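Here's entry_38.cif, which has mmCIF, C-alpha atoms and all ligand atoms; chains and numbers go by the auth columns:
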data_model
#
loop_
_atom_site.group_PDB
_atom_site.id
_atom_site.type_symbol
_atom_site.label_atom_id
_atom_site.label_comp_id
_atom_site.label_asym_id
_atom_site.label_seq_id
_atom_site.Cartn_x
_atom_site.Cartn_y
_atom_site.Cartn_z
_atom_site.B_iso_or_equiv
_atom_site.auth_seq_id
_atom_site.auth_asym_id
ATOM 1 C CA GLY A 1 -17.340 -33.392 60.730 0.00 106 A
ATOM 2 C CA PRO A 2 -15.521 -30.254 61.973 0.00 107 A
ATOM 3 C CA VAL A 3 -16.169 -26.940 60.251 0.00 108 A
ATOM 4 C CA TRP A 4 -14.819 -23.412 60.732 0.00 109 A
ATOM 5 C CA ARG A 5 -17.603 -21.554 62.527 0.00 110 A
ATOM 6 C CA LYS A 6 -16.913 -18.326 60.665 0.00 111 A
ATOM 7 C CA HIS A 7 -16.407 -17.166 57.065 0.00 112 A
ATOM 8 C CA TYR A 8 -13.373 -14.914 57.557 0.00 113 A
ATOM 9 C CA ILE A 9 -10.339 -17.193 57.677 0.00 114 A
ATOM 10 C CA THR A 10 -6.651 -16.308 57.937 0.00 115 A
ATOM 11 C CA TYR A 11 -3.537 -18.170 56.871 0.00 116 A
ATOM 12 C CA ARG A 12 0.218 -17.722 57.125 0.00 117 A
ATOM 13 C CA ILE A 13 3.137 -19.431 55.388 0.00 118 A
ATOM 14 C CA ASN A 14 5.692 -20.226 58.104 0.00 119 A
ATOM 15 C CA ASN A 15 8.564 -21.013 55.756 0.00 120 A
ATOM 16 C CA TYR A 16 9.420 -21.552 52.097 0.00 121 A
ATOM 17 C CA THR A 17 10.704 -24.596 50.262 0.00 122 A
ATOM 18 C CA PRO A 18 14.007 -23.868 48.495 0.00 123 A
ATOM 19 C CA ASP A 19 12.597 -25.861 45.559 0.00 124 A
ATOM 20 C CA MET A 20 10.721 -22.839 44.230 0.00 125 A
ATOM 21 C CA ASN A 21 10.917 -19.042 44.053 0.00 126 A
ATOM 22 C CA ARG A 22 9.327 -17.389 47.099 0.00 127 A
ATOM 23 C CA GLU A 23 6.853 -15.580 44.853 0.00 128 A
ATOM 24 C CA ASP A 24 5.806 -18.827 43.159 0.00 129 A
ATOM 25 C CA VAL A 25 5.151 -20.411 46.551 0.00 130 A
ATOM 26 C CA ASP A 26 2.988 -17.475 47.710 0.00 131 A
ATOM 27 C CA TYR A 27 1.102 -17.501 44.414 0.00 132 A
ATOM 28 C CA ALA A 28 0.457 -21.256 44.382 0.00 133 A
ATOM 29 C CA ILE A 29 -0.980 -21.030 47.908 0.00 134 A
ATOM 30 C CA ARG A 30 -3.018 -17.885 47.204 0.00 135 A
ATOM 31 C CA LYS A 31 -4.462 -19.509 44.075 0.00 136 A
ATOM 32 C CA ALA A 32 -5.355 -22.711 45.943 0.00 137 A
ATOM 33 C CA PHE A 33 -7.320 -20.760 48.559 0.00 138 A
ATOM 34 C CA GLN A 34 -9.139 -18.789 45.857 0.00 139 A
ATOM 35 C CA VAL A 35 -10.219 -22.082 44.280 0.00 140 A
ATOM 36 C CA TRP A 36 -12.314 -22.633 47.419 0.00 141 A
ATOM 37 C CA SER A 37 -13.347 -19.035 48.123 0.00 142 A
ATOM 38 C CA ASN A 38 -14.713 -18.834 44.586 0.00 143 A
ATOM 39 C CA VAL A 39 -17.456 -21.386 45.319 0.00 144 A
ATOM 40 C CA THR A 40 -18.301 -20.492 48.934 0.00 145 A
ATOM 41 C CA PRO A 41 -18.869 -17.443 51.190 0.00 146 A
ATOM 42 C CA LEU A 42 -15.397 -18.019 52.641 0.00 147 A
ATOM 43 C CA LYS A 43 -12.897 -15.158 52.491 0.00 148 A
ATOM 44 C CA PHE A 44 -9.203 -15.860 53.053 0.00 149 A
ATOM 45 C CA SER A 45 -6.665 -13.305 54.259 0.00 150 A
ATOM 46 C CA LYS A 46 -2.921 -13.867 54.263 0.00 151 A
ATOM 47 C CA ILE A 47 -0.973 -12.526 57.229 0.00 152 A
ATOM 48 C CA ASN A 48 2.805 -12.093 57.330 0.00 153 A
ATOM 49 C CA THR A 49 2.965 -11.959 61.110 0.00 154 A
ATOM 50 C CA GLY A 50 0.750 -12.825 64.052 0.00 155 A
ATOM 51 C CA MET A 51 -1.576 -15.782 64.575 0.00 156 A
ATOM 52 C CA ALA A 52 -3.395 -17.320 61.630 0.00 157 A
ATOM 53 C CA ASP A 53 -6.095 -20.001 61.445 0.00 158 A
ATOM 54 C CA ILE A 54 -4.204 -22.041 58.864 0.00 159 A
ATOM 55 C CA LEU A 55 -0.425 -22.345 59.056 0.00 160 A
ATOM 56 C CA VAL A 56 1.442 -23.528 55.970 0.00 161 A
ATOM 57 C CA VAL A 57 4.741 -25.265 56.676 0.00 162 A
ATOM 58 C CA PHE A 58 7.331 -27.132 54.616 0.00 163 A
ATOM 59 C CA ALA A 59 9.179 -29.833 56.555 0.00 164 A
ATOM 60 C CA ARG A 60 10.804 -33.256 56.315 0.00 165 A
ATOM 61 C CA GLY A 61 10.541 -36.274 58.601 0.00 166 A
ATOM 62 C CA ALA A 62 9.401 -35.422 62.130 0.00 167 A
ATOM 63 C CA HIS A 63 8.349 -31.784 62.495 0.00 168 A
ATOM 64 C CA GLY A 64 6.595 -31.650 65.850 0.00 169 A
ATOM 65 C CA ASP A 65 3.003 -32.801 65.243 0.00 170 A
ATOM 66 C CA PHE A 66 3.474 -36.557 65.808 0.00 171 A
ATOM 67 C CA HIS A 67 2.933 -37.341 62.097 0.00 172 A
ATOM 68 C CA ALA A 68 6.480 -37.501 60.728 0.00 173 A
ATOM 69 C CA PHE A 69 6.898 -37.290 56.964 0.00 174 A
ATOM 70 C CA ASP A 70 8.271 -40.303 55.059 0.00 175 A
ATOM 71 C CA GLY A 71 10.936 -39.145 52.605 0.00 176 A
ATOM 72 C CA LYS A 72 10.520 -38.725 48.854 0.00 177 A
ATOM 73 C CA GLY A 73 7.310 -40.180 47.500 0.00 178 A
ATOM 74 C CA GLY A 74 4.553 -41.761 49.562 0.00 179 A
ATOM 75 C CA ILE A 75 2.749 -39.122 51.603 0.00 180 A
ATOM 76 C CA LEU A 76 3.326 -35.726 49.967 0.00 181 A
ATOM 77 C CA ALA A 77 1.640 -33.547 52.562 0.00 182 A
ATOM 78 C CA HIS A 78 -1.066 -33.594 55.203 0.00 183 A
ATOM 79 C CA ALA A 79 -3.526 -31.282 56.922 0.00 184 A
ATOM 80 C CA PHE A 80 -5.708 -31.132 60.008 0.00 185 A
ATOM 81 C CA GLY A 81 -9.412 -30.367 59.939 0.00 186 A
ATOM 82 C CA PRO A 82 -10.900 -27.137 61.361 0.00 187 A
ATOM 83 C CA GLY A 83 -10.045 -26.619 65.009 0.00 188 A
ATOM 84 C CA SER A 84 -7.933 -24.658 67.456 0.00 189 A
ATOM 85 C CA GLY A 85 -4.159 -24.908 67.683 0.00 190 A
ATOM 86 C CA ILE A 86 -2.884 -27.351 65.061 0.00 191 A
ATOM 87 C CA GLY A 87 -6.370 -27.524 63.555 0.00 192 A
ATOM 88 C CA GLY A 88 -6.435 -26.277 59.972 0.00 193 A
ATOM 89 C CA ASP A 89 -2.668 -26.386 59.406 0.00 194 A
ATOM 90 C CA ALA A 90 -1.279 -27.676 56.103 0.00 195 A
ATOM 91 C CA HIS A 91 2.179 -29.234 55.946 0.00 196 A
ATOM 92 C CA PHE A 92 4.177 -30.147 52.848 0.00 197 A
ATOM 93 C CA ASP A 93 6.924 -32.791 52.802 0.00 198 A
ATOM 94 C CA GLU A 94 10.175 -31.001 51.942 0.00 199 A
ATOM 95 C CA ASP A 95 11.536 -34.339 50.746 0.00 200 A
ATOM 96 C CA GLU A 96 9.325 -33.882 47.687 0.00 201 A
ATOM 97 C CA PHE A 97 10.489 -31.561 44.892 0.00 202 A
ATOM 98 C CA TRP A 98 7.839 -28.840 44.701 0.00 203 A
ATOM 99 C CA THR A 99 7.179 -27.238 41.328 0.00 204 A
ATOM 100 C CA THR A 100 4.998 -24.670 39.560 0.00 205 A
ATOM 101 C CA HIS A 101 4.173 -27.263 36.860 0.00 206 A
ATOM 102 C CA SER A 102 5.036 -30.881 35.990 0.00 207 A
ATOM 103 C CA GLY A 103 8.729 -30.975 36.874 0.00 208 A
ATOM 104 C CA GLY A 104 7.822 -32.683 40.147 0.00 209 A
ATOM 105 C CA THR A 105 5.083 -32.495 42.777 0.00 210 A
ATOM 106 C CA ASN A 106 2.792 -29.570 41.905 0.00 211 A
ATOM 107 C CA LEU A 107 2.403 -27.294 44.923 0.00 212 A
ATOM 108 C CA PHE A 108 -0.787 -25.647 43.637 0.00 213 A
ATOM 109 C CA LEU A 109 -2.738 -28.859 43.037 0.00 214 A
ATOM 110 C CA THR A 110 -1.466 -30.401 46.267 0.00 215 A
ATOM 111 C CA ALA A 111 -2.448 -27.261 48.207 0.00 216 A
ATOM 112 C CA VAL A 112 -5.991 -27.241 46.808 0.00 217 A
ATOM 113 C CA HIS A 113 -6.348 -30.807 48.075 0.00 218 A
ATOM 114 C CA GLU A 114 -4.832 -30.088 51.493 0.00 219 A
ATOM 115 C CA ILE A 115 -6.822 -26.883 52.010 0.00 220 A
ATOM 116 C CA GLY A 116 -9.916 -28.954 51.280 0.00 221 A
ATOM 117 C CA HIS A 117 -8.963 -30.906 54.403 0.00 222 A
ATOM 118 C CA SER A 118 -8.111 -27.695 56.234 0.00 223 A
ATOM 119 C CA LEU A 119 -11.716 -26.673 55.569 0.00 224 A
ATOM 120 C CA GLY A 120 -13.136 -29.997 56.734 0.00 225 A
ATOM 121 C CA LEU A 121 -13.521 -32.035 53.556 0.00 226 A
ATOM 122 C CA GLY A 122 -12.619 -35.704 53.605 0.00 227 A
ATOM 123 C CA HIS A 123 -11.780 -37.945 50.638 0.00 228 A
ATOM 124 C CA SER A 124 -14.231 -38.558 47.798 0.00 229 A
ATOM 125 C CA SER A 125 -14.520 -41.726 45.702 0.00 230 A
ATOM 126 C CA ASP A 126 -15.085 -39.546 42.642 0.00 231 A
ATOM 127 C CA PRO A 127 -11.954 -39.871 40.443 0.00 232 A
ATOM 128 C CA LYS A 128 -12.743 -36.440 39.013 0.00 233 A
ATOM 129 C CA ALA A 129 -12.654 -34.758 42.433 0.00 234 A
ATOM 130 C CA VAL A 130 -9.611 -32.888 43.740 0.00 235 A
ATOM 131 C CA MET A 131 -10.436 -34.515 47.082 0.00 236 A
ATOM 132 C CA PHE A 132 -9.919 -37.967 45.595 0.00 237 A
ATOM 133 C CA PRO A 133 -7.383 -39.697 47.895 0.00 238 A
ATOM 134 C CA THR A 134 -4.697 -40.126 45.218 0.00 239 A
ATOM 135 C CA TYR A 135 -2.503 -37.340 43.791 0.00 240 A
ATOM 136 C CA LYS A 136 -2.958 -36.499 40.122 0.00 241 A
ATOM 137 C CA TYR A 137 -1.319 -33.957 37.846 0.00 242 A
ATOM 138 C CA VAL A 138 -3.271 -31.848 35.349 0.00 243 A
ATOM 139 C CA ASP A 139 -2.669 -28.602 33.477 0.00 244 A
ATOM 140 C CA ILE A 140 -2.975 -26.076 36.314 0.00 245 A
ATOM 141 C CA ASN A 141 -4.397 -23.383 34.022 0.00 246 A
ATOM 142 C CA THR A 142 -7.409 -25.548 33.178 0.00 247 A
ATOM 143 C CA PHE A 143 -7.859 -27.084 36.628 0.00 248 A
ATOM 144 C CA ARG A 144 -11.418 -27.161 37.959 0.00 249 A
ATOM 145 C CA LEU A 145 -13.130 -28.539 41.075 0.00 250 A
ATOM 146 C CA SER A 146 -15.518 -31.405 40.326 0.00 251 A
ATOM 147 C CA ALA A 147 -19.251 -31.152 40.970 0.00 252 A
ATOM 148 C CA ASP A 148 -18.630 -33.472 43.920 0.00 253 A
ATOM 149 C CA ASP A 149 -15.988 -31.134 45.373 0.00 254 A
ATOM 150 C CA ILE A 150 -18.393 -28.198 45.026 0.00 255 A
ATOM 151 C CA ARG A 151 -21.290 -30.111 46.548 0.00 256 A
ATOM 152 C CA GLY A 152 -19.174 -31.107 49.528 0.00 257 A
ATOM 153 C CA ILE A 153 -17.753 -27.684 50.362 0.00 258 A
ATOM 154 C CA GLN A 154 -21.112 -25.963 49.834 0.00 259 A
ATOM 155 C CA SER A 155 -22.991 -28.362 52.114 0.00 260 A
ATOM 156 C CA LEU A 156 -20.540 -27.208 54.785 0.00 261 A
ATOM 157 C CA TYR A 157 -20.344 -23.456 54.136 0.00 262 A
ATOM 158 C CA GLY A 158 -23.217 -22.745 51.771 0.00 263 A
ATOM 159 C CA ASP A 159 -23.388 -20.651 48.613 0.00 264 A
HETATM 160 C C1 LIG B . -6.807 -32.455 39.835 0.00 301 B
HETATM 161 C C2 LIG B . -5.833 -32.644 40.996 0.00 301 B
HETATM 162 O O1 LIG B . -6.337 -33.653 41.867 0.00 301 B
HETATM 163 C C3 LIG B . -5.585 -33.990 43.004 0.00 301 B
HETATM 164 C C4 LIG B . -6.114 -35.003 43.841 0.00 301 B
HETATM 165 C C5 LIG B . -5.420 -35.426 45.008 0.00 301 B
HETATM 166 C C6 LIG B . -4.173 -34.850 45.384 0.00 301 B
HETATM 167 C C7 LIG B . -3.401 -35.305 46.606 0.00 301 B
HETATM 168 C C8 LIG B . -2.339 -34.535 47.160 0.00 301 B
HETATM 169 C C9 LIG B . -1.601 -34.972 48.286 0.00 301 B
HETATM 170 C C10 LIG B . -1.897 -36.214 48.911 0.00 301 B
HETATM 171 C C11 LIG B . -1.087 -36.642 50.090 0.00 301 B
HETATM 172 O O2 LIG B . 0.020 -36.179 50.349 0.00 301 B
HETATM 173 C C12 LIG B . -1.656 -37.727 51.035 0.00 301 B
HETATM 174 C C13 LIG B . -2.286 -37.184 52.345 0.00 301 B
HETATM 175 C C14 LIG B . -2.335 -38.297 53.423 0.00 301 B
HETATM 176 C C15 LIG B . -2.725 -37.903 54.866 0.00 301 B
HETATM 177 N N1 LIG B . -4.130 -37.521 55.089 0.00 301 B
HETATM 178 C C16 LIG B . -4.542 -36.262 55.485 0.00 301 B
HETATM 179 O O3 LIG B . -3.827 -35.289 55.692 0.00 301 B
HETATM 180 C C17 LIG B . -5.982 -36.329 55.596 0.00 301 B
HETATM 181 C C18 LIG B . -6.909 -35.342 55.988 0.00 301 B
HETATM 182 C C19 LIG B . -8.287 -35.704 56.016 0.00 301 B
HETATM 183 C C20 LIG B . -8.699 -37.021 55.672 0.00 301 B
HETATM 184 C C21 LIG B . -7.743 -37.999 55.287 0.00 301 B
HETATM 185 C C22 LIG B . -6.379 -37.617 55.276 0.00 301 B
HETATM 186 C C23 LIG B . -5.192 -38.384 54.934 0.00 301 B
HETATM 187 O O4 LIG B . -5.137 -39.555 54.605 0.00 301 B
HETATM 188 C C24 LIG B . -3.694 -36.621 52.024 0.00 301 B
HETATM 189 O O5 LIG B . -4.640 -37.315 51.735 0.00 301 B
HETATM 190 O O6 LIG B . -3.770 -35.283 52.119 0.00 301 B
HETATM 191 C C25 LIG B . -2.959 -36.988 48.366 0.00 301 B
HETATM 192 C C26 LIG B . -3.683 -36.539 47.245 0.00 301 B
HETATM 193 C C27 LIG B . -3.669 -33.834 44.537 0.00 301 B
HETATM 194 C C28 LIG B . -4.343 -33.409 43.385 0.00 301 B
HETATM 195 CA CA CA B . 6.917 -38.042 51.332 0.00 302 B
HETATM 196 CA CA CA B . -4.410 -23.784 63.020 0.00 303 B
HETATM 197 CA CA CA B . 12.051 -30.193 48.558 0.00 304 B
HETATM 198 ZN ZN ZN B . 2.746 -32.138 59.860 0.00 305 B
HETATM 199 ZN ZN ZN B . -6.109 -36.123 51.402 0.00 306 B
#
Would you mind writing the file's structure down as structure tokens?
Amino acid sequence: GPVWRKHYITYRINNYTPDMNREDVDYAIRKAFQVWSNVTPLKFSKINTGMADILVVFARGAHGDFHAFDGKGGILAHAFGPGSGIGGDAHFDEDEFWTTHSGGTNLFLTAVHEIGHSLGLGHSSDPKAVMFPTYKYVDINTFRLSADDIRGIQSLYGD
């Protein structure tokens, strides 16, 4: 339902999981945003200080937003749809072991999914869609949004 009422969107990574190298975390997030900017008019800018539309945070259990994480497994992360304050923010359960590839929960793939929510997309029934409600691992270098994912994000932002 909610949508960002602009095309220039900013994000900021509040903290970094010790699971990965700082650079790998920044890259995974940057790449996830580009997945969406590539098929819409949306342009994402990363800020290292100041307010951002989308705040990326790694945390375990209760972290202040009333939706406490649940330990290893189960919910891996969560995000809030477009809106002020908490709206748009993407949180990742530190109790998961974040990885660049298959050695655990893939940050890149998870981020693409969560940012979809940050942009206003809900869950699809299409098993091929990244917005499908259940996590799935695939070779990150050959990852591609499904036609359903594209249709959904373009009906919201065009292009
Ligand atoms: C080719 C790769 O395909 C993939 C497809 C799906 C996923 C994937 C990644 C993470 C998760 C989760 O951690 C579960 C998490 C649950 C909470 N959660 C939300 O934040 C949310 C926002 C908007 C609508 C519904 C929900 C919702 O149920 C949630 O649904 O965000 C679930 C699925 C990862 C990769
Ligand atoms: Ca969890
Ligand atoms: Ca926000
Ligand atoms: Ca961790
Ligand atoms: Zn949270
Ligand atoms: Zn989801």
Distance criterion (all atoms listed in the file): nearest to residue 136 (chain A) out of A:149, A:175, A:254, A:262: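 Answer, going by the shortest atom-to-atom distance: A:149.
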Which chain A residues have any atom within 7 Å of an atom of ligand CA 302 (chain B), and for each, what is the nearest pair of atoms with distance in Å to one decimal, counting all atoms listed in the file, rows sorted by chain and number, as CSV?
residue,atom,partner,partner_atom,distance
A:174,CA,B:CA302,CA,5.7
A:175,CA,B:CA302,CA,4.6
A:176,CA,B:CA302,CA,4.4
A:177,CA,B:CA302,CA,4.4
A:178,CA,B:CA302,CA,4.4
A:179,CA,B:CA302,CA,4.7
A:180,CA,B:CA302,CA,4.3
A:181,CA,B:CA302,CA,4.5
A:198,CA,B:CA302,CA,5.5
A:200,CA,B:CA302,CA,5.9
A:201,CA,B:CA302,CA,6.0
Please dump the current selection as a PDB file, keeping the file's coordinate frame; keep C-alpha atoms.
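Writing done, so here's part.pdb:
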ATOM      1  CA  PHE A 174       6.898 -37.290  56.964  1.00  0.00           C
ATOM      2  CA  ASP A 175       8.271 -40.303  55.059  1.00  0.00           C
ATOM      3  CA  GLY A 176      10.936 -39.145  52.605  1.00  0.00           C
ATOM      4  CA  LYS A 177      10.520 -38.725  48.854  1.00  0.00           C
ATOM      5  CA  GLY A 178       7.310 -40.180  47.500  1.00  0.00           C
ATOM      6  CA  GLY A 179       4.553 -41.761  49.562  1.00  0.00           C
ATOM      7  CA  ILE A 180       2.749 -39.122  51.603  1.00  0.00           C
ATOM      8  CA  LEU A 181       3.326 -35.726  49.967  1.00  0.00           C
ATOM      9  CA  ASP A 198       6.924 -32.791  52.802  1.00  0.00           C
ATOM     10  CA  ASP A 200      11.536 -34.339  50.746  1.00  0.00           C
ATOM     11  CA  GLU A 201       9.325 -33.882  47.687  1.00  0.00           C
TER      12      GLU A 201
END
With 3 Å added on each side, what axis-aligned box encloses every listed atom of region 177-180 of chain A? Give the centre and edge lengths in Å to one decimal, as AutoDock Vina command-line options.
--center_x 6.6 --center_y -40.2 --center_z 49.6 --size_x 13.8 --size_y 9.0 --size_z 10.1
Residue among A:158, A:194, A:219, A:124 lying closest to residue 239 (chain A), counting only C-alpha atoms: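 Closest to residue 239 (chain A), using only C-alpha atoms: A:219.
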Hits from the PyMOL selection byres (((chain A and resi 152) around 7) and not hetatm), listed as number ranges by chain: A: 115-117, 150-151, 153-154, 157
Hits from the PyMOL selection byres (((not hetatm)) within 10 of (chain B and resi 304)), listed as a PyMOL selection string: chain A and resi 121-125+163-165+176-177+197-204+209-210
Reference answer for the PyMOL selection byres (((not hetatm)) within 6 of (chain B and resi 305)), as an NGL selection string: :A and (170 or 172 or 196)
Export, as a PDB file, in the frame of the given file, the selected residues with C-alpha atoms.
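Result went into part12.pdb, see below:
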ATOM      1  CA  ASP A 170       3.003 -32.801  65.243  1.00  0.00           C
ATOM      2  CA  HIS A 172       2.933 -37.341  62.097  1.00  0.00           C
ATOM      3  CA  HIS A 196       2.179 -29.234  55.946  1.00  0.00           C
TER       4      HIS A 196
END
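For ligand ZN 306 (chain B), the neighbouring protein, DNA and RNA residues, which are those within 8 Å when only C-alpha atoms and all ligand atoms are counted, are residues 183, 184, 218, 219, 222, 227, 228, 236, 237, 238 and 239 of chain A.
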Selection: 6 Å around residue 161 (chain A), all atoms listed in the file, excl. self and same-chain fewer than 2 positions, as a PyMOL selection string: chain A and resi 118-119+195-196
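Restricting the calculation to only C-alpha atoms and all ligand atoms, the smallest distance between ligand CA 303 (chain B) and any of A:190, A:246, A:252, A:208 is found for A:190.
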Non-local contacts of residue 235 (chain A) (12 Å; only C-alpha atoms; under 3 positions in same chain excluded) as an NGL selection string: :A and (137 or 140-141 or 213-222 or 226-232 or 238-243 or 248-255 or 257-258)
Of the listed residues A:247, A:264, A:259, A:234, that which approaches ligand LIG 301 (chain B) most closely, counting only C-alpha atoms and all ligand atoms: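 Nearest to ligand LIG 301 (chain B): A:234.
Atom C7 of ligand LIG 301 (chain B) sits 20.1 Å away from CA of residue 167 (chain A).
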